[PDB]
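Single chain ahead, by itself, as structure tokens, in the form deposited without the ligand.
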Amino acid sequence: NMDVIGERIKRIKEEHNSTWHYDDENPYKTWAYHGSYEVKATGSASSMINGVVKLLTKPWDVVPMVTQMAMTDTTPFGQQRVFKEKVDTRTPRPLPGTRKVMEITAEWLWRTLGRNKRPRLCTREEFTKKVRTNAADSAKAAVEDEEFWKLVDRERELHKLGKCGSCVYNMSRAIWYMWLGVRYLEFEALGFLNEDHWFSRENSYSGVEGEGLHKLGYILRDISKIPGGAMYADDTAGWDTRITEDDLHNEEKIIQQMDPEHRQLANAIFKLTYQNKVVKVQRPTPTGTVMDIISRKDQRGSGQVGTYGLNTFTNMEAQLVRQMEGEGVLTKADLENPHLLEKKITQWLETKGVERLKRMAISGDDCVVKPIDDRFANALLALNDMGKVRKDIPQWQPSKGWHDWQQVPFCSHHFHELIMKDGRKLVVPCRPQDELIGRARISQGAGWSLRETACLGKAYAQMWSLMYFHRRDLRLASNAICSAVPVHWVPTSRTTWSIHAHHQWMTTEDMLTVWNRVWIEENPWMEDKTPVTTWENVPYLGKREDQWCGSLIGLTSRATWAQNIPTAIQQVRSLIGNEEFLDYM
């Protein structure tokens, strides 16, 4: 193993030869531990609170989920316990018949995914444009420095030789340049999966990449029209820790479709940074804080360019295998059999594969599957054996599916079908309201002025006006925030890092105009393009559904908040100062 990871550990060991030691009280059980060095502790035990959002959501000061969200421990202590609880495990090797079906399905799926698209290298200028559009950080400064690109070039020359010197995953500007450089090289070799939308629904059938939260419910409703059994949406317990050596070798098959110069760099990423990895994690000790240097051959590195796409790929494969078991194509005897008949798998993929992909909505580890019947509920042999054990349910207990697409969980949301006052139907995204309020009350970092805090508050308010307008409390709080924040101040930072977010709320354009563009003009499931001219015609969930999804409507404290909200708005305005404000109430 040292022939692939040895150089990286050697450079770390040499840079910290003063404090480098082999701490034999290290807690690693499934990861190879190489050594430790002294570091300055980073992170926080609590998240910073957005005062503008907090002042305008007084009834949620007394809400447990809202309080919990504001916690989140990122200190070496928090790092260590998350590591222990999840990441320090070993997934049993799938059986030989299971490995054979996975291999056949992976080959077929990669061929299907690359039927129209050809892989390509991503560039310095693409990465630069992405970093700049995200910053609008020291990454924009690094990208502007020529010396960063020279370090990138030197690392790439090692990769071309089948060597790695500085690509270390993290759980001086040199170590920052080496981190950003590692990320650029991964983007260079595997970025095409995202940049050329390989997991778009048109290209992958099951995929939803590029679709947007506002489209996911409509796609779930379209899946519900397909004849078959219930809709299943099982959660995997820590998916990234369940990515096996066999999954990694199956994902690597995409290199067969690459040009020689591309294949060489992508092979370097796979072999040196995915199938082998050097990881840095902080750990508190009685003497202070230390950085541990660890390594392993499997699992997925969560904060990587290829993670979403490769998790989507492996989940599509795993769900097709489960569909085959449900249909009787794969038996218990087949999974144990190294010599299992490849022909029946090939025949099922070639005749039914695409139709079975159309029965799914897959986004990374998130899946919704509508099998041909309910035999799928009990088809658990391959799923458990591939290592994709379902979260909080005994291993052999049948899955529970839904016969209403509106009850189906997907991507931390569920979706409602609303009837507008004019008779038109809308499909809207929704989640427990406490989660929406709790998240909006969290500020992103310390040393933030009232202006930056208010502008992030406005971003949350405008996201609610666009995606969660159907929640009575959120429309009211959104109107309150936008009345409290100067009209000409541009929303800043980001409300989410979700791939399903297109950030149409990041504007000073009228929110009703943005609402019409997204929900009416651009909406392919909205045949009638008649605009909505007033928010009074922008619908709400039925009051009982709003309440079932966490609304405080009907409570006295909520009525008291709604009545007194001009007072709280005025208090925010007075502390912001003499600026131009508008009355949205």
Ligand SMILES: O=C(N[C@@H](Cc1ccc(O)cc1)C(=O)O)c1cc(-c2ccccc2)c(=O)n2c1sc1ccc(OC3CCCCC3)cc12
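By rigid core we mean the largest C-alpha set that fits within 1.5 Å across both forms. Numbering starts at 1 and runs along the sequence shown.
Student: Superpose by the rigid core: which stretch, 292 to 300 or 173 to 181, shows more Cα shift in 7 other deposited structures of this protein?
Tutor: Evaluated in 7 other deposited structures of this protein, the stretch farther from the shown form is 173 to 181.
Student: May I ask whether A266 is missing from the deposited models in at least a third of the other compared entries?
Tutor: Per the records, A266 is modelled in all the other entries.
Student: Does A136 have no coordinates in at least a third of the other PDB entries examined?
Tutor: Yes.
Student: Pick one of none, 1 to 3, 4 to 9 or 10 or more for the number of deposited-sequence residues not modelled between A141 and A142.
Tutor: Gap size class: none, per the record.
Student: What size is the break between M171 and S172 in terms of deposited sequence residues left without coordinates: none, 1 to 3, 4 to 9, or 10 or more?
Tutor: The entry leaves 10 or more residues without coordinates here.
Student: I need to verify one thing: averaged over C-alpha atoms only, is the B-factor higher for 267 to 275 or for 281 to 289?
Tutor: Stretch with the greater average CA B-factor: 281 to 289.
Student: Looking only at CA atoms, which has the higher mean B factor in the entry: 78 to 86 or 462 to 470?
Tutor: For C-alpha atoms only, the mean B-factor is higher in 78 to 86.
Student: Per the coordinate record, which of the options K225, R93, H488, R156 holds the highest CA temperature factor?
Tutor: That would be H488, according to the entry.
Student: Could you tell me which one of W60, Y37, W519, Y540 shows the highest CA temperature factor in the PDB record?
Tutor: Out of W60, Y37, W519, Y540, the record gives the largest C-alpha B-factor to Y37.
Student: Compare the C-alpha B factor of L552 with those of the other modelled residues in its chain, then answer lowest, middle or highest third.
Tutor: For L552, whose C-alpha B-factor we compare with every modelled residue in the chain, the answer is the lowest third.
Student: Sorting the chain's CA B-factors, does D73 end up in the lowest, middle or highest third?
Tutor: It belongs to the highest third of the chain when residues are ordered by C-alpha B-factor.
Student: Where does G181 sit by CA temperature factor within its chain: lowest, middle or highest third?
Tutor: Tercile = middle for this residue's CA B-factor.
Student: What third of its chain's C-alpha B-factors does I175 belong to: lowest, middle or highest?
Tutor: CA B-factor rank for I175: highest third.
Student: Among the chain's modelled residues, which third holds the C-alpha B-factor of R451?
Tutor: Its C-alpha B-factor belongs to the highest third of this chain's values.
As for the form solved in complex with the ligand, it is not shown, yet the points below apply to it.
Student: At the 4.5 Å heavy atom threshold, is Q304 in contact with the ligand in the deposited complex?
Tutor: Contact check for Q304: yes, within 4.5 Å of the ligand in the deposited complex.
Student: Considering non-hydrogen atoms and a 4.5 Å limit, does the ligand approach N194 in the deposited complex?
Tutor: Answer yes; at least one heavy atom of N194 falls within 4.5 Å of the ligand in the deposited complex.
Student: Can any non-hydrogen atom of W108 be found within 4.5 angstroms of the ligand in the deposited complex?
Tutor: No, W108 stays farther than 4.5 Å from the ligand in the deposited complex.
Student: Do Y308 and the ligand share at least one heavy atom pair within 4.5 Å in the deposited complex?
Tutor: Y308: yes, in contact with the ligand in the deposited complex.
Student: Using a 4.5 Å heavy atom cut-off, indicate which stretch of 254 to 262, 446 to 454, 319 to 327, 295 to 303 touches the ligand in the deposited complex.
Tutor: Result of the contact check: 295 to 303.
Student: Quick one: from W402, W515, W489, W179, grab the residue that has a heavy atom within 4.5 Å of the ligand in the deposited complex.
Tutor: Looking at the other structure, the residue within range turns out to be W179.
Student: Could you pull out the residues of 470 to 498 that have any heavy atom within 4.5 Å of the ligand in the deposited complex?
Tutor: Only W497 sits within 4.5 Å of the partner.
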